[PDB]
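Just below is one structure, and these are the notes that go with it.
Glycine gets a Cβ as well: all are built from the backbone with ideal geometry, and neighbour counts include every protein chain shown. Just so it is clear, none of the values below were taken in a lab; they were calculated from the coordinates.
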Number of protein chains: 2
Amino acid sequence: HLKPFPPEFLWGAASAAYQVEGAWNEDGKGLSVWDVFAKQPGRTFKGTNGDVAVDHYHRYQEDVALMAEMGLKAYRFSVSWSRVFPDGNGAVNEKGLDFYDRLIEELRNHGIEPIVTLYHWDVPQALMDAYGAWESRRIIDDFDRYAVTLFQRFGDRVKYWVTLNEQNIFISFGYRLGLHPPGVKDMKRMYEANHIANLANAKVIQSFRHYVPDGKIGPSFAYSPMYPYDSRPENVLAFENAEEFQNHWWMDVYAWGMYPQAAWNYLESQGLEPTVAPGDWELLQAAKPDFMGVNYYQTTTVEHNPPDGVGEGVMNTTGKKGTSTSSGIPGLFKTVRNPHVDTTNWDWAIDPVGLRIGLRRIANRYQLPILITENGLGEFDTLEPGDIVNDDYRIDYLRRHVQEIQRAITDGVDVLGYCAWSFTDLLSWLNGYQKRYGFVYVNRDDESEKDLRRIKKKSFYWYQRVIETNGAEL
Amino acid sequence: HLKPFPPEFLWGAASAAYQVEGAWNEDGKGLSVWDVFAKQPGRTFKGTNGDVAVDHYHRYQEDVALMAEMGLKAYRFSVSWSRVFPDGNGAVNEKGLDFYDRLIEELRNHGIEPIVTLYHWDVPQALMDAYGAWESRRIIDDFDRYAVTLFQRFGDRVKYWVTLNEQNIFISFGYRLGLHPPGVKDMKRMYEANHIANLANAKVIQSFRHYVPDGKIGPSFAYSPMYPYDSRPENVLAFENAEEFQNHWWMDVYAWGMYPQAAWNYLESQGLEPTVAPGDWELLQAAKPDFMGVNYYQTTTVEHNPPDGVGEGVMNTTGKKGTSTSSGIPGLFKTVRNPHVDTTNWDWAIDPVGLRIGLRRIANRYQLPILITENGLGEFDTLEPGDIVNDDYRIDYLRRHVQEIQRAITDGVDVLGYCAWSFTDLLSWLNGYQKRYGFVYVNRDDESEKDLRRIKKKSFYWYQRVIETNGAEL
Ligand SMILES: O=P(O)(O)OC[C@H]1O[C@@H](O)[C@H](O)[C@@H](O)[C@@H]1O
Ligand SMILES: O=P(O)(O)OC[C@H]1O[C@@H](O)[C@H](O)[C@@H](O)[C@@H]1O
């Protein structure tokens, strides 16, 4: 007998500003690190970039009416820092704030709760130019000025806020794998920039307590719960290293203000541990979040990895199935295909029960409420004549994840809401446009913007029914 | 490259009073629940009991001389509450204390650190008679007065104290399985008593802060780290339930003063959850230990268990490799044989890597120093001509476990000490004498009491070498 979804459960959907807005040089917006990176040749699928994206900046009113028709209870979006401070830390672009004001007003006038994400990967280029952005401590105060600017302008209308969205991705993709800006492949610099982001996070949570005393705020972590391949003790041990190094490394800082010891000692043994200043631990420990945000797509299965063993593996940005290979850290763990789950064409595992597992781990380890800030399925959609999109594959994935969330709630996990990724189809950072996630199909591809028309997919009407019945009908 | 064992690593060995002392009714000793229980027919193997045991009450000077010979840095033993307070809560028996005084002196005079366990399963029968012993809150102040008496008398000479030894075992064997006193099979009662034992532990830790400010104290938990069978999500979930239900249920109370929420809820749903009074949570939260005692012998592998499936299973008393059967909780998990490790003839897993995993989990979850209070291998020893016991089997098991500890310390776990189980062969609670754990063979079997002469096994000299080389030579 399942607990019901609670009465104020934030049934939501989400986007990120670069992926959706366009208008990259309008109304005073400065360059982000992503405006600049995606235009370097070879960085992105087919040269795709966010110049136009799906033009949500101009078309937000249409998108909001669609949200209202779906009956959305919450919409999570991010603010483009480079629209508010074109040079990152100088004078404010009022026109940039005015767009988010019009957006928020449009949401409120249809009864939709705004969830504001402060940072979704788009630090202004001028901060990268002046001091290397997340690699310098200067960013702590610059990010704080920006956050407080938002808090003051919108704090009376926005109760739910997300600080850093998937810090583990933007930091590791940016500084270890070289796949995101600034395109660095240097572990030492990765862990230093990570430490600085931890500080910036805590700093803004602290300012939030002053400026938005009734709000709720948290970071959002990209969480792939680890599993051991089997009961072989070395594989279990690899599991312990993987969960600690990939997951606790961030979440313990967010929840407890502390890095876990074994991962710290491994880094220290390699000269990789971050530089710690007087006052750092005190800041990090005094900034407890109201919730842990969680972005969940899949779990990861691991096995023993000897010290001469696997390092970086092949990622899959095409969509040919079976092309991904093992990744790891030599001597600690490496990934392996989980034989007991399907995968998408991009090799992401489909593991709804894993969401239950990850939610149960976070409650068990931190006792924190959880806002699920992203979850969804990306696939090719076919637009059929008569503006029809039958995305049963997406419904099937959403249905099963939302069911497991109900199981977690029944187990006692305090889940505040669920934001499907994404509302409209949007631009993939690297993969272009054909890997779609939306409830609302957007008519464009990697080569032409077409008319950018919005077309409700079958999943739209499915989620609309989920919301109308508060989850009883899936 | 391994770190070495720290310079004052407490290389130890251990026992428990009932298992070793005898003298069950000498010098004013009152009856314990085990004195009564073991005499009930068919409870113990061939009616074996501890009237005499291995007669350590009278032979302690020989036993301590052999310890000094081995070079032991520490010796962990329990105090028999019924020697000290024959009625549990009336007047103190000075001759009871006097024995422990003499034993401590004997240990100091040979430079051996004594480790005093307050409770190893032998509560005075009068307290079971007067008010149900662990089922009543009265035991809390009674246990406290007993512990404070010890603190006052031996505080100046004993730095390391263990409070409750293997609470999960005496509670569970005593109130769920009915295998130990008080011979009950009733979960409501188990959890009530469990709760009272939690409070007792916290009360005496508090008292200890007042009475022995420079001492170190903690409970010691019987820890079988759980593993999932494989990476099937339902199997990993079953691992989450098992580790939380079997392990965190106790350790999070010792570390953080609170029960895990999901297990609590599941209890609450069955009507099994304990009764809580004003002040319980404040007391439990306020009783932080200096370390976690860990008694380790094996890990457990678990798998999905449906609502109709396994509950209580068959244990293995006989020694016939193969006779154990899955045990579980319907709906949550059940055990299953781990194909990747070996077992003893009693179906106990041999899994030294499990100990490193276990020590890594406690450090990762709680950040506590650990004192391994028991680890050991139980088997038949043959005494061969020339006073030779060739216990290679035993050396092999202990060596591998000590190696894995060194690895844990190298990972960053703070391990204060290791106490092999046991110094001399002793009496098993249920299984008699033939299943031996000692470094020192004691000349008796289940029939013939013979002379109880101490004979040094091969392992004795193995461990002698280990201590001499602070663990470099194994
Ligand atoms: O499957 P993709 O196209 O590589 O994208 C993954 C998505 O999921 C998360 O990784 C990001 O927060 C999103 O911004 C992104 O859209
Ligand atoms: O039943 P066995 O094989 O003798 O093992 C029991 C041992 O197991 C441990 O659980 C106890 O703390 C010891 O007191 C005891 O010696």
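Have a look at B:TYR254, B:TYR227 and point out the one that is part of a strand (DSSP E or B), more than 16 Å from ligand 2 (Cβ to nearest atom) and within 25 Å of the chain's Cα centre (by Cα). Break it down into steps so the answer makes sense when it comes.
Details: B:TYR254 fails: part of a strand (DSSP E or B).
Being part of a strand (DSSP E or B), more than 16 Å from ligand 2 (Cβ to nearest atom) and within 25 Å of the chain's Cα centre (by Cα) holds for just one of B:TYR254, B:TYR227, which is B:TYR227.
Can you tell which of A:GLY417, A:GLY432, A:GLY438, A:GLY412 is more than 16 Å from ligand 1 (Cβ to nearest atom) and either among the aliphatic types (A, V, I, L, M) or away from every other protein chain (no Cβ under 14 Å) (or both)? Full working, then the answer.
Details: A:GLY432 fails: more than 16 Å from ligand 1 (Cβ to nearest atom); A:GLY438 fails: more than 16 Å from ligand 1 (Cβ to nearest atom); A:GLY412 fails: either among the aliphatic types (A, V, I, L, M) or away from every other protein chain (no Cβ under 14 Å) (or both).
Of A:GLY417, A:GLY432, A:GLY438, A:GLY412, the one residue that is more than 16 Å from ligand 1 (Cβ to nearest atom) and either among the aliphatic types (A, V, I, L, M) or away from every other protein chain (no Cβ under 14 Å) (or both) is A:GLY417.
Considering (1) at the interface with another protein chain (Cβ under 8 Å from one of its Cβ atoms); (2) in contact with a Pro (Cβ under 9 Å, 6 or more places away or on another chain); (3) over 14 Å from B:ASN194 (Cβ atoms); (4) not β-branched (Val, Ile, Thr), say which one B:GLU234 fails and leave the rest.
Single failed check for B:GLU234: (2).
For the stretch A:345-361: of the residues being of a type in the set (A, V, I, L, M, F, W, C) and closer than 14 Å to A:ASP411 by Cα, which is nearest to ligand 2 (Cβ to nearest atom)?
Residues of the stretch A:345-361 that are of a type in the set (A, V, I, L, M, F, W, C), as a first pass: A:346, A:348-350, A:353, A:355, A:357, A:359.
From what is left, the residues that are closer than 14 Å to A:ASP411 by Cα are A:353, A:355, A:357, A:359.
Numbers: A:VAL353: 34, A:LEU355: 38, A:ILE357: 31, A:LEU359: 34 Å.
The extreme case among them is A:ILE357.
Go through the residues of the stretch A:321-328 one by one and say whether even a single one is within 13 Å of ligand 1 (Cβ to nearest atom), within 22 Å of the chain's Cα centre (by Cα) and not acidic (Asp, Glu). So that I can check it myself, show each step before the final result.
Here is the first cut: in the stretch A:321-328, the ones within 13 Å of ligand 1 (Cβ to nearest atom) are A:324.
When the remaining residues are screened for being within 22 Å of the chain's Cα centre (by Cα), the result is A:324.
Now narrow it down to the ones that are not acidic (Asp, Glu): A:324.
Yes, the stretch A:321-328 has at least one match.
If you go through the stretch B:137-156, how many residues are hydrophobic (A, V, I, L, M, F, W, C) and under 16 Å from B:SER80 (Cβ atoms)? Break it down stepwise before answering.
Step one: of the stretch B:137-156, the residues hydrophobic (A, V, I, L, M, F, W, C) are B:139-140, B:143, B:147-148, B:150-151, B:154.
When the remaining residues are screened for being under 16 Å from B:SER80 (Cβ atoms), the result is B:143, B:147, B:150, B:154.
Qualifying residue count for the region: 4.
Spot the failing condition for A:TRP264; the list is (1) assigned to a loop (DSSP other than H, G, I, E, B); (2) more than 30 Å from A:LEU416 (Cβ to Cβ); (3) within 12 Å of chain B (Cβ to nearest Cβ), and only one is missed.
Every condition holds for A:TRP264 apart from (1).
So in the stretch A:298-314, with the set limited to residues that are away from every other protein chain (no Cβ under 14 Å) and touching a residue at least 60 places away in the same chain (Cβ under 8 Å), which one is surrounded by the fewest Cβ atoms within 10 Å (Cβ to Cβ)?
Quick first cut of the stretch A:298-314, residues away from every other protein chain (no Cβ under 14 Å) only: A:305-306, A:308-314.
If we keep only those that are touching a residue at least 60 places away in the same chain (Cβ under 8 Å) too, we end up with A:305, A:312.
Working: A:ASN305: 24, A:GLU312: 13.
Here the residue is A:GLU312.
Residues are listed down the side, and each one gets a yes or a no for (1) away from ligand 2 (no atom under 16 Å from the Cβ); (2) buried (at least 21 other Cβ atoms within 10 Å of the Cβ); (3) over 18 Å from the mean Cα position of the chain (by Cα); (4) within 28 Å of B:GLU303 (Cα to Cα):
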position: B:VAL341; (1), (2), (3), (4): yes, no, yes, yes
position: B:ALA363; (1), (2), (3), (4): yes, yes, yes, yes
position: B:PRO369; (1), (2), (3), (4): yes, no, no, no
position: B:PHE380; (1), (2), (3), (4): no, no, yes, no
position: B:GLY386; (1), (2), (3), (4): yes, no, yes, no
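Is it fair to say B:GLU234 is within 16 Å of ligand 2 (Cβ to nearest atom), among the acidic types (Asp, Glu) and either surrounded by 22 or more Cβ atoms within 10 Å (Cβ to Cβ) or over 22 Å from the mean Cα position of the chain (by Cα) (or both)? Can you show your working first?
Working: within 16 Å of ligand 2 (Cβ to nearest atom): no; among the acidic types (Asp, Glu): yes; either surrounded by 22 or more Cβ atoms within 10 Å (Cβ to Cβ) or over 22 Å from the mean Cα position of the chain (by Cα) (or both): yes.
Against the criterion (within 16 Å of ligand 2 (Cβ to nearest atom), among the acidic types (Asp, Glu) and either surrounded by 22 or more Cβ atoms within 10 Å (Cβ to Cβ) or over 22 Å from the mean Cα position of the chain (by Cα) (or both)), B:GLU234 does not qualify.
Among the residues of the stretch B:4-55 satisfying the criterion of being more than 24 Å from B:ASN89 (Cβ to Cβ) and aliphatic (A, V, I, L, M), which is nearest to the chain's Cα centre (by Cα)?
B:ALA14
Quick check: is even one residue across the stretch A:199-210 more than 26 Å from A:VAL341 (Cα to Cα), aliphatic (A, V, I, L, M) and within 14 Å of chain B (Cβ to nearest Cβ)? Steps first, answer last, please.
Our first condition is that a residue be more than 26 Å from A:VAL341 (Cα to Cα); within the stretch A:199-210, this holds for A:199-210.
Filter again for aliphatic (A, V, I, L, M), leaving A:199-200, A:202, A:204-205.
With within 14 Å of chain B (Cβ to nearest Cβ) added as a condition, the list becomes none.
The answer is no, given that none of the residues of the stretch A:199-210 is more than 26 Å from A:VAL341 (Cα to Cα), aliphatic (A, V, I, L, M) and within 14 Å of chain B (Cβ to nearest Cβ).
Taking the condition of being more than 10 Å from every other protein chain (Cβ to nearest Cβ) and either exposed (fewer than 14 other Cβ atoms within 10 Å of the Cβ) or not in a loop (DSSP other than H, G, I, E, B) (or both), how many residues in the stretch A:319-339 meet it?
Step one: filter the stretch A:319-339 for residues more than 10 Å from every other protein chain (Cβ to nearest Cβ), giving A:319-335.
When the remaining residues are screened for being either exposed (fewer than 14 other Cβ atoms within 10 Å of the Cβ) or not in a loop (DSSP other than H, G, I, E, B) (or both), the result is A:320-322, A:328-330, A:333-335.
Final tally of qualifying residues: 9.
Can you tell me which of A:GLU106, A:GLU94 is closer than 23 Å to A:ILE467 by Cα and over 22 Å from the mean Cα position of the chain (by Cα)?
Values: A:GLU94 fails: closer than 23 Å to A:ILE467 by Cα.
Criteria check complete, one pass: A:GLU106.
Confirm whether A:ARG400 is within 12 Å of another protein chain (Cβ to nearest Cβ), closer than 28 Å to B:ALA255 by Cβ and surrounded by fewer than 22 Cβ atoms within 10 Å (Cβ to Cβ). Break it down into steps so the answer makes sense when it comes.
Values: within 12 Å of another protein chain (Cβ to nearest Cβ): yes; closer than 28 Å to B:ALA255 by Cβ: no; surrounded by fewer than 22 Cβ atoms within 10 Å (Cβ to Cβ): yes.
Taking the combined requirement at face value, the residue does not satisfy it.
What is the number of the single condition among (1) on the phi > 0 side of the Ramachandran plot; (2) out of contact with any helix residue (DSSP H, G or I) (no Cβ under 7 Å at 6 or more places or on another chain) that A:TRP121 does not meet?
(2)
Checking A:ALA287 against (1) buried (at least 19 other Cβ atoms within 10 Å of the Cβ); (2) away from chain B (no Cβ under 12 Å); (3) in contact with a strand residue (DSSP E or B) (Cβ under 6 Å, 6 or more places away or on another chain), which test does it fail?
If we test A:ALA287 against (1) buried (at least 19 other Cβ atoms within 10 Å of the Cβ); (2) away from chain B (no Cβ under 12 Å); (3) in contact with a strand residue (DSSP E or B) (Cβ under 6 Å, 6 or more places away or on another chain), just (3) comes out false.
Please name all residue pairs, on different chains or six or more residues apart, with Cβ atoms under 6 Å, provided the first residue is in the stretch A:421-447 and is without any contact (Cβ under 8 Å) to a residue 24 or more places away in the chain and the second residue is more than 16 Å from ligand 2 (Cβ to nearest atom) and among the charged types (D, E, K, R).
A:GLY438/A:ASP425
List the helices (runs of 4 or more DSSP H) inside the stretch A:98-190, counting only whole elements, that have at least 2 residues being farther than 23 Å from A:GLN61 by Cα and of a type in the set (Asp, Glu). Spell out how you get there, then give the answer.
Details: elements: A:125-131, A:138-154, A:167-175.
Ranges flagged: A:138-154.
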